[PDB]
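Read the structure below first, then the notes.
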Amino acid sequence: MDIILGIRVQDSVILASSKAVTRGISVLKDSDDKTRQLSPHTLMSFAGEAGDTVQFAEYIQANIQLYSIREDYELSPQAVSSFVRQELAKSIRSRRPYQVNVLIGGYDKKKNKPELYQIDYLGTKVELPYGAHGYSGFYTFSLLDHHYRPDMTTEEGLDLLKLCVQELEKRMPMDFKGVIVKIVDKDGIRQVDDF
Amino acid sequence: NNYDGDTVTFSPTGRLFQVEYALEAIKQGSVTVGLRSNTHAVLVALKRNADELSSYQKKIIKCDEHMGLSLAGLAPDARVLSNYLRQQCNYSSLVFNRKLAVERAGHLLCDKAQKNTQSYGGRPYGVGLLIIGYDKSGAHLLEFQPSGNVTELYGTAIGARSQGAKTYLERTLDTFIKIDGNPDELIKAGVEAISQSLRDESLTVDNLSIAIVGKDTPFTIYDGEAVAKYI
Amino acid sequence: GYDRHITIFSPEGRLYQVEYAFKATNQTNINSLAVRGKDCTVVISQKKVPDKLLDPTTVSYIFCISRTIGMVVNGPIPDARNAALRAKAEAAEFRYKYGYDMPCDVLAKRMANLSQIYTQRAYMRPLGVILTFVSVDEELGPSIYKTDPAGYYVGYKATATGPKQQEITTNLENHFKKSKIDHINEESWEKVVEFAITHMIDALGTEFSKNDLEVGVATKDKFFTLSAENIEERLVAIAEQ
Amino acid sequence: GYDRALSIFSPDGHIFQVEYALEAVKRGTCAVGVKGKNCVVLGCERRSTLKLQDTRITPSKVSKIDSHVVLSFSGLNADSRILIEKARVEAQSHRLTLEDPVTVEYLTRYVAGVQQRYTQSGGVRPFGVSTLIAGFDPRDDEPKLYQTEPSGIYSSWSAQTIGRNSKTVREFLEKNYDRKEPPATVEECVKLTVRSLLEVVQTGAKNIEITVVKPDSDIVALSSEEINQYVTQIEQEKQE
Amino acid sequence: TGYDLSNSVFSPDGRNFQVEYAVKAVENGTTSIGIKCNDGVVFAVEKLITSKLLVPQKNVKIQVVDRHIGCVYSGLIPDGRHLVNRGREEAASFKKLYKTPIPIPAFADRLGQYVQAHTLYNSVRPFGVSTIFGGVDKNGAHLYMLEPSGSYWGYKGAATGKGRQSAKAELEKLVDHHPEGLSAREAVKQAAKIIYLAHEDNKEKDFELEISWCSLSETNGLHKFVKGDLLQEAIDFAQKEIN
Amino acid sequence: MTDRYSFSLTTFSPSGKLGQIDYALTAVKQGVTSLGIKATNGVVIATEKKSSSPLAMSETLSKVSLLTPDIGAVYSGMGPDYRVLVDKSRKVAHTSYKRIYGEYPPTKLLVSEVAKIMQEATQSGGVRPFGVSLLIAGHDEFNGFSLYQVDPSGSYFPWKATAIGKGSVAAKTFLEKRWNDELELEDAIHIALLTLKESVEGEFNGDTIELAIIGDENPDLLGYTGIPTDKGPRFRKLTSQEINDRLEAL
Amino acid sequence: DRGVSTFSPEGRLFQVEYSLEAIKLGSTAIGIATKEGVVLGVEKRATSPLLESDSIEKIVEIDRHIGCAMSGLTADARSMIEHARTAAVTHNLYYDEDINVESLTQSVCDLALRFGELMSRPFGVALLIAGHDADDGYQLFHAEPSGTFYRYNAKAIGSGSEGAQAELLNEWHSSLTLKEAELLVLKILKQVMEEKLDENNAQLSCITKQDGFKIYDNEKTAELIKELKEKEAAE
Amino acid sequence: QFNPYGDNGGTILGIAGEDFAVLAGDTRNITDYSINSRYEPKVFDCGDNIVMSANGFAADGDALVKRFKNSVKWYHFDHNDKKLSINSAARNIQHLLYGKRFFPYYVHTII
Amino acid sequence: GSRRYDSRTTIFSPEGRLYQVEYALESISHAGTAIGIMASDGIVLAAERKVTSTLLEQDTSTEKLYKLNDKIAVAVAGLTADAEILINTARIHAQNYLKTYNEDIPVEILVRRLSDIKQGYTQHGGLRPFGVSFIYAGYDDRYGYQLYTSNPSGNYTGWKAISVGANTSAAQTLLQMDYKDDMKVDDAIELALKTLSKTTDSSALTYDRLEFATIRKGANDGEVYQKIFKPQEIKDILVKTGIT
Ligand SMILES: [Cl-]
Ligand SMILES: [Mg+2]
């Protein structure tokens with residue numbers, strides 16, 4: 001898959017992910033949601049090799065849901081990201097590795113803090129204020145470096161995200177058919193239906 | 001007594017009671033007769049029903065175009081052993097383009113049964129088999145016991161009341177061995193032999209099971225109105 | 001009372017199957033003896049061929065384990081040959097792995113450790129044998145090491161095994177009490193064999209023909225058994241003084 | 001591996017290990033299940049031989065298998081954890097492959113299948129546990145209540161009890177539960193469940209647990225005071 | 001007590017009663033013998049004719065191992081067959097690795113260790129056969145006899161089964177009266193006689209004689225069955241001696 | 001074949017006793033007396049060389065065994081069981097420690113590993129417990145000198161001084177009167193010889209007594225020079241002559 | 001103790017003979033084969049009135065052309081059914097056709113004697129396997145834990161079996177209609193059942209060539225019970 | 001490097017009539033520019049009124065026909081001597097061929 | 001064959017009890033008493049060593065109290081060797097959890113894991129159960145201070161105060177009498193020692209016959225400290241509480 005962005009503002013994490021699915025010659029779909037809810041306050045967006053992406057995302061989702069039922073407790077975003085990293089770090093030395101890159105956006109209800117983790121297919125984890133995978137960072141990071149503030153509102157974060165998407169739509173060769181945007185905050189996960 | 005808990009235990013007189021108890025299951029089974037001439041070999045089997053609504057349990061199993069057996073005792077064990085014979089007959093054809101000799105088939109059955117008599121956990125086979133066949137050395141008849149003992153014979157019988165048929169064949173030995181090139185007369189001799197083991201019941205159309213193999217005769221089984229000719 | 005059938009502790013802290021394996025040891029009714037010279041180690045054993053239909057050349061309880069190591073067994077022949085084959089395999093493997101010939105005491109320890117395992121693991125029975133290993137070791141010199149069904153082993157100045165071991169043992173003990181040395185002070189192995197046979201005759205109170213004995217000799221770099229005619233020469237020398 | 005056949009037939013056609021597993025269930029604390037018109041209630045006995053217990057952290061008797069299905073039990077507590085874990089894994093495995101949560105009947109069938117397997121596998125003894133599995137199928141408002149036992153047989157129940165003195169509370173339910181008109185509300189259903197346990201329990205204090213399951217993953221456990229109000233109202237009507 | 005209920009249990013004597021019970025099965029079997037001659041060995045066996053319905057000459061008891069070893073046994077016939085099958089595997093692997101056909105003493109230990117292994121565990125039953133076997137190798141003729149315990153020795157003559165005492169006495173005469181040795185053709189004749197004489201212990205039913213031999217001069221060191229005119233000549237010689 | 005004893009041969013009886021462990025302890029009770037005493041600057045372990053025959057060379061049978069350069073062991077009970085435990089203990093010191101950390105294990109952890117092997121023979125399928133009690137003496141940099149007892153059950157305890165086997169009850173009483181926290185190594189050896197004399201019937205000399213110490217580093221026993229940090233083994237087995245010298249001052 | 005695969009002195013496997021005793025304790029199941037179809041019927045036998053009887057599933061579909069009824073330790077039947085369903089579907093996958101009823105029965109019966117020290121004990125359940133194929137028409141088999149199977153024109157298994165079998169002896173003829181067979185199963189079930197027979201404690205099913213295997217509704221069976229009552233009162 | 005496949009040439013032809021069918025094939029067997037045989041039968045009667053030919057690599061062709069013939073034999077054993085219909089044979093052959101999906105039988109089969 | 005000698009350690013009695021579990025519990029009832037008491041500001045673990053000697057090196061000795069990680073400790077009653085097997089398994093499980101989630105293992109998850117291991121030995125494998133009962137004292141940020149126990153059956157339960165080993169009946173009555181919910185660690189220390197002092201089979205309770213440990217948020221600010229008491233420190237707390 002192509003473009004996945006993430007930005008952590010004052011009180012929420014915002015994940016933007018492209019809608020296009022291209023199989024070589026044609027664009028098969030223009031409404032694809034490249035994300036899974038792992039728990040009520042944790043969202044994971046993903047991009048990489050076809051098939052492996054969804055297979056990995058659903059496998060993680062199943063494991064976190066299992067943990068939630070067993071303990072009657074939601075794992076922290078930090079804990080979920082560490083679990084995910086280990087799975088990818090295990091995967092990289094397998095017979096056939098998962099070729100999947102992820103962003104994990106979560107709201108920690110204990111600390112009352114949004115958290116954004118960027119993890120590539122090797123199992124390389126970093127906590128960031130804003131992140132991306134693939135070529136998305138090359139276009140967007142210069143804008144985010146300039147405009148980002150840690151005390152931004154969710155509305156300001158969405159406006160900065162629009163500016164990022166506009167720059168991508170101008171300078172990227174591939175038509176990624178716009179983005180689905182989702183917000184993760186204290187009240188859970190919701191989708192911005194107009195973007 | 002104290003030495004019949006498993007097959008791995010000899011008694012103080014050198015007996016294997018589990019094997020002897022497996023031998024007893026054959027004596028409870030229905031009678032079946034085997035006999036041969038120089039050209040043909042015949043199996044005759046009295047099939048047993050559960051009641052008047054039930055079918056008559058099949059006694060004869062084909063192993064190849066030139067070989068097959070009749071059973072007496074545990075029918076599932078016969079299925080296991082006959083399946084093994086089918087495989088060995090088939091291995092011989094596929095690998096060596098060679099029909100399996102009846103004598104060699106006996107040796108393979110002996111060795112398969114033996115392993116179940118010397119190891120812990122297992123149990124002996126609870127069935128006796130009469131194998132007939134026509135190979136490169138002519139017609140053959142074998143008697144298999146689950147002790148492992150396999151014996152080549154002109155004629156024999158196994159099952160309940162088999163002693164009557166066995167005595168008859170022992171008298172008729174010189175006559176039926178000479179029935180060459182006459183399948184019907186050899187079957188007649190087998191039907192007359194199995195009749196010496198009947199009491200109260202007689203041979204009906206769904207009671208009797210006959211099989212034959214010979215010089216220019218593939219192993220074929222006759223049941224139903226195909227055996228009314230011999231009643 | 002299943003503590004008597006398998007190798008588990010009885011209430012007295014005893015292993016009855018081990019004790020009964022020691023009794024199986026004397027089932028052959030054969031007595032062996034081993035002694036050390038200056039340059040050699042000699043082992044003698046009684047030979048009994050009760051059946052005239054037997055080929056007497058094939059009746060033996062002495063085994064050539066390796067070039068340097070010989071082994072005499074006290075116990076039934078099936079268990080004896082079981083132990084022999086294993087010892088041979090172990091000795092060969094040792095040389096391959098470590099690049100030198102397996103010492104007599106090390107092989108004894110190895111076989112003893114195997115015997116110990118049978119006294120601890122239930123599925124394996126003890127072997128009903130006592131194994132006397134002999135060599136002229138390149139480091140320790142003349143060597144006698146003996147293993148039993150308990151998994152015990154130790155080195156010996158001299159030793160005796162069998163139904164009448166005590167009579168032979170006391171006879172040997174008394175000799176070494178006189179001489180005050182740990183071996184037979186003799187140059188040739190021929191005279192050490194003559195000593196061994198003489199002291200068995202004295203201890204048991206029986207005379208021997210050439211066919212009543214079986215002799216093994218260990219020297220530097222080889223162990224070998226004597227023929228009936230080699231033993232006859234030995235018996236002639238004893239009688240002539 | 002240890003292969004010994006522990007569960008075997010006896011001359012009279014009984015598998016004693018399975019029957020002795022039922023005797024362990026008979027020893028366990030009483031559990032009861034009652035389904036209303038739009039809910040299922042699971043009631044559970046807590047023996048008051050153990051005080052100085054920390055009730056915050058002590059394993060609760062009713063366990064969520066998924067967000068929409070619960071499991072209670074009577075018998076060996078340690079054995080029940082193995083069934084609950086397997087059930088929870090299977091529930092997530094079903095969501096992963098079928099893209100739909102388990103039906104209550106499916107989950108029951110799975111647990112019952114595990115229990116059966118342990119009655120004819122070598123080297124293992126049967127589970128000393130009977131279960132009550134309750135909930136609502138996805139996008140369905142019909143209440144579901146099933147029972148399993150060590151043998152592996154399972155069946156659906158309008159109301160059922162298991163464990164010690166379950167004969168007495170089943171006697172109560174058989175005369176007090178009408179099939180033509182089940183407990184129409186949550187209140188009526190909880191009341192009938194508390195009433196049934198009060199036939200057996202002793203004190204109505206911390207000895208009764210109640211869990212209410214409603215459609216669309218709406219599961220809540222009642223507190224001590226909420227249950228104590230039912231206990232108070234039942235006996236005040238009884239004084240007459 | 002209880003020491004005889006399980007294989008590999010030492011009794012308080014130091015005995016394995018299960019092995020001793022296997023011997024009883026051997027003693028119950030038909031008589032079989034072995035005679036070591038000048039340049040080979042002769043094997044013979046008593047085959048009881050249970051019924052007229054047994055096909056004469058068909059139920060062969062003596063078994064070849066490799067091309068140079070003969071095996072005959074008394075007791076549980078299937079156990080004997082199992083032992084020979086193993087013997088054939090051992091003889092095959094030996095020849096595969098070392099090129100030369102397995103020597104007879106080497107082969108004897110291969111059977112010996114295998115039979116002994118079935119006295120080490122309670123999960124297996126001892127062999128219910130004594131086996132007489134041998135043949136010709138590079139060092140000449142060898143005859144062996146192997147018991148349920150795993151015990152074996154080399155023999156000048158050997159016998160086992162129901163008529164073993166009778167046979168042994170006859171063999172002991174041959175050893176005394178022929179210190180220089182016996183020819184292969186003499187040994188076939190003598191083998192026939194000994195089986196006929198040993199048939200007095202099984203006198204109720206009549207029997208069928210079966211003989212085989214390996215001889216350096218007479219069979220080129222290969223195992224062969226005695227057939228036709230040479231078999232009939234030995235039967236006639238045997239029948240003449242009993243009358 | 002196959003090992004078809006995949007079940008425990010040691011089980012709880014109705015009274016809560018593990019029969020096979022108790023019986024193993026009984027076998028230890030019948031065994032020859034051995035003891036251990038800890039001093040300020042060392043540890044001593046000692047036992048009687050009960051020779052089975054006078055024709056046997058009792059020097060070839062080592063009852064006191066080096067496990068590591070700074071750890072030694074002695075036993076009471078079944079000798080063969082001891083011998084295989086020493087083999088396993090030496091190996092585990094390498095596999096589970098030296099090949100990982102590049103140094104020999106501390107006394108308490110090697111004891112822990114031996115204990116684990118003995119515990120497994122008490123629960124695993126188709127085996128009996130070990131019929132020995134071990135006394136393990138040793139030194140390491142951070143724990144100093146130490147002495148441990150290990151029983152058939154796998155349980156182990158540290159001691160200032162103790163005795164096991166035949167006359168342990170009397171020997172432990174003797175040690176209680178003599179032991180103090182100011183003993184030098186020579187004082188402990190003296191006490192060890194005094195204590196051991198009580199349980200010995202026959203000959204009492206350097207040839208019938210086996211005695212070893214954990215004491216100062218022995219650079220003369222290292223086998224090489226040139227590395228300052230390698231100063232040699234603290235385990236030393238006393239010679240026949242060295243024992244007899246201390247029996248004159250007895 | 002003693003081996004699980006041990007033979008008795010009479011030449012019978014102890015465990016197999018004991019499992020047959022468990023089947024005698026089981027609820028009654030009856031099958032009747034006609035030229036118009038095979039009928040299968042069972043006693044449900046709910047242990048309590050609070051047990052919802054429609055969850056008692058003692059008649060089961062194996063394929064469209066094969067049904068099955070059970071009696072004994074019914075939990076044991078689940079893995080047998082699973083195997084049967086798999087075998088039926090697998091054979092269709094390999095051969096693009098329906099599997100013969102006998103071949104399906106044989107496949108199930110191969111599991112029976114796979115016990116020892118494989119599963120730890122025989123199955124404690126007997127099966128009536130009914131079906132249709134083109135070669136042998138409408139068939140009814142009785143599959144035991146011995147590994148033996150008999151074909152039957154009619155058969156009863158479970159606690160009322162010998163009483164029922166004697167009744168089936170008199171009543172069965174080669175010209176029975178499907179409707180006649182339905183009533184006959186209901187009649188004989190009513191005879192051997194402890195409780196009074198109705199649509200909630202007994203269940204009917206049938207297999208026809210046209211419509212395949214069908215479990216009857218409680219409303220459909222209720223009408224056949226009422227039809228039975230009237231025709232018995234008719235003389 | 002070892003090449004497990006080869007090409008034995010040949011050509012086969014099947015035609016379905018109204019109440020009959022023919023399966024024809026040339027009898028020449030080749031490698032490269034050499035003739036191995038001028039008469040090596042390629043079309044086989046497999047029993048049950050079915051004829052088969054597996055043309056291409058003759059080793060794989062002979063193996064497949066041998067296995068199908070064997071499948072017919074075991075179909076009779078396992079299903080009471082039932083005649084294997086042509087459609088059922090076809091499905092059975094698909095499974096024989098697909099069983100070696102990742103090391104294929106290098107043949108074009110016609111029945 | 002081998003069946004003859006099999007005790008069958010994993011079977012039900014006719015009454016539906018597990019023979020070996022019951023007999024293992026009987027073993028445990030002869031072990032030294034261990035007591036756990038949970039307060040608002042910490043947990044106490046007190047345990048009696050079994051009939052010691054004057055020649056036992058006490059300062060380097062550990063038979064009762066073991067550290068599983070920095071937040072969780074256990075008190076042991078039963079076979080010490082058996083306990084150490086399980087303790088090492090538990091220590092690994094805690095570190096596996098820490099490696100995976102980068103958070104310390106919650107107390108109940110560790111307890112459940114060990115308890116499930118014990119359960120396995122009662123249902124399959126034909127081996128004898130572990131003759132051990134644990135008291136788990138621990139802290140995590142979800143439930144705070146927690147006390148649990150597990151026994152050879154693999155069943156575990158949570159407690160405010162609990163005893164295992166010898167004289168648990170007498171000990172539990174005394175704890176039930178004097179325990180209150182608003183109690184503090186210093187009070188709980190006193191209760192634990194007073195309870196052991198009354199239930200002990202020894203003539204008097206001295207420092208050399210005790211092992212003692214506290215888990216306190218008495219660690220400078222927002223963290224938890226485990227204190228395994230030294231012999232001299234046990235002697236001091238015995239004088240402070242007025243027992244010696
Ligand atoms: Cl070793
Ligand atoms: Mg043993």
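The chains in the structure tokens are called A, B, ... from first to last as shown; in each chain the residues are counted from 1, and the ligands are counted from 1 in the order shown.
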Among the residues of region 129-185 of chain D, find those DSSP assigns to strand (DSSP E or B) from the backbone and print them as a list in words.
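DSSP on the backbone gives strand (DSSP E or B) at residues 129, 130, 131, 132, 133, 134, 135, 136, 143, 144, 145, 146, 147, 148, 154, 155, 156, 157, 159, 160, 161 and 162 of chain D.
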Those residues with C-alpha atoms, as a JSON list (two decimals), in the first residue's frame please?
```json
[["chain", "number", "residue", "atom", "x", "y", "z"],
["D", 129, "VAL", "CA", -16.18, -29.26, 35.65],
["D", 130, "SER", "CA", -19.70, -28.61, 34.38],
["D", 131, "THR", "CA", -20.35, -25.25, 32.72],
["D", 132, "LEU", "CA", -23.24, -22.89, 32.10],
["D", 133, "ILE", "CA", -22.65, -20.87, 28.94],
["D", 134, "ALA", "CA", -24.94, -17.89, 28.36],
["D", 135, "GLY", "CA", -25.27, -14.93, 25.99],
["D", 136, "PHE", "CA", -26.80, -13.61, 22.77],
["D", 143, "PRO", "CA", -31.55, -15.28, 24.98],
["D", 144, "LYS", "CA", -29.31, -18.37, 24.98],
["D", 145, "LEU", "CA", -28.40, -20.64, 27.91],
["D", 146, "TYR", "CA", -26.52, -23.94, 27.55],
["D", 147, "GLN", "CA", -25.01, -26.51, 29.93],
["D", 148, "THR", "CA", -22.02, -28.84, 29.51],
["D", 154, "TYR", "CA", -24.50, -30.44, 26.08],
["D", 155, "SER", "CA", -27.99, -29.04, 25.79],
["D", 156, "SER", "CA", -30.06, -25.83, 25.94],
["D", 157, "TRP", "CA", -32.00, -24.85, 29.09],
["D", 159, "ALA", "CA", -33.24, -22.45, 33.39],
["D", 160, "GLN", "CA", -30.65, -24.70, 35.00],
["D", 161, "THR", "CA", -28.44, -25.17, 38.04],
["D", 162, "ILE", "CA", -25.25, -27.17, 38.68]]
```
Contacts with ligand 2 at most 9 Å, only C-alpha atoms and all ligand atoms counted, listed as a list in words
residues 5, 6, 7, 8, 17, 18, 117, 118, 119, 120, 121, 122, 123, 124, 125 and 126 of chain C; 8, 9 and 121 of chain E; 127 of chain F
Just-selected residues, N, CA and C atoms written as a compact mmCIF listing (two decimals), in the first residue's frame:
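Contents of again33.txt, freshly written:
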```
# COMPACT_ATOMS: atom_id res chain seq x y z
N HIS C 5 10.93 -56.17 42.09
CA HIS C 5 10.88 -56.49 40.65
C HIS C 5 11.64 -55.48 39.78
N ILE C 6 11.56 -54.20 40.15
CA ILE C 6 12.28 -53.13 39.45
C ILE C 6 13.30 -52.47 40.36
N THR C 7 14.16 -51.64 39.76
CA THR C 7 15.24 -50.97 40.49
C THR C 7 14.75 -49.68 41.15
N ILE C 8 13.98 -49.86 42.22
CA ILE C 8 13.60 -48.80 43.15
C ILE C 8 13.95 -49.23 44.57
N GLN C 17 16.93 -56.02 42.91
CA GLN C 17 17.28 -56.45 41.56
C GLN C 17 18.79 -56.41 41.29
N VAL C 18 19.47 -55.44 41.90
CA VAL C 18 20.94 -55.37 41.84
C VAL C 18 21.54 -56.55 42.60
N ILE C 117 23.42 -46.69 35.47
CA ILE C 117 22.17 -46.26 34.83
C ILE C 117 21.09 -47.34 34.93
N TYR C 118 21.45 -48.60 34.77
CA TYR C 118 20.48 -49.69 34.88
C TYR C 118 19.93 -49.86 36.32
N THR C 119 20.72 -49.47 37.32
CA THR C 119 20.28 -49.48 38.72
C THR C 119 19.38 -48.30 39.08
N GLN C 120 19.37 -47.25 38.25
CA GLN C 120 18.53 -46.07 38.47
C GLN C 120 17.30 -46.00 37.55
N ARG C 121 17.46 -46.39 36.28
CA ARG C 121 16.36 -46.37 35.32
C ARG C 121 15.60 -47.71 35.36
N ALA C 122 14.28 -47.63 35.43
CA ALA C 122 13.45 -48.82 35.68
C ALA C 122 13.35 -49.78 34.50
N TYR C 123 13.25 -49.24 33.28
CA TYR C 123 13.01 -50.07 32.07
C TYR C 123 14.16 -51.00 31.70
N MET C 124 15.38 -50.61 32.08
CA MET C 124 16.60 -51.40 31.83
C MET C 124 16.93 -52.26 33.06
N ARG C 125 17.20 -53.54 32.85
CA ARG C 125 17.67 -54.41 33.93
C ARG C 125 19.19 -54.33 34.06
N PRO C 126 19.72 -54.63 35.26
CA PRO C 126 21.17 -54.82 35.36
C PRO C 126 21.61 -56.04 34.55
N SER E 8 12.64 -59.87 32.14
CA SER E 8 13.79 -59.06 32.62
C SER E 8 13.84 -58.83 34.15
N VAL E 9 13.01 -59.55 34.90
CA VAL E 9 13.03 -59.49 36.36
C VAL E 9 13.88 -60.65 36.87
N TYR E 121 14.06 -56.16 28.67
CA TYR E 121 12.90 -55.29 28.92
C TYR E 121 11.64 -56.12 29.18
N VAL F 127 12.30 -43.34 36.86
CA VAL F 127 13.57 -43.27 37.60
C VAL F 127 13.35 -43.22 39.11
```
Show me which residues are within 7 Å of ligand 1 counting only C-alpha atoms and all ligand atoms, and format the list as a PyMOL selection string.
chain C and resi 110+113-114
Considering only C-alpha atoms, extract the chain A residues located within 6 Å of chain I and return them as JSON, numbers by chain.
{"A": [79, 82, 83]}
Secondary structure check, alpha helix (DSSP H) residues of region 7-189 of chain A, as an NGL selection string:
:A and (52-71 or 77-91 or 136-147 or 154-171)
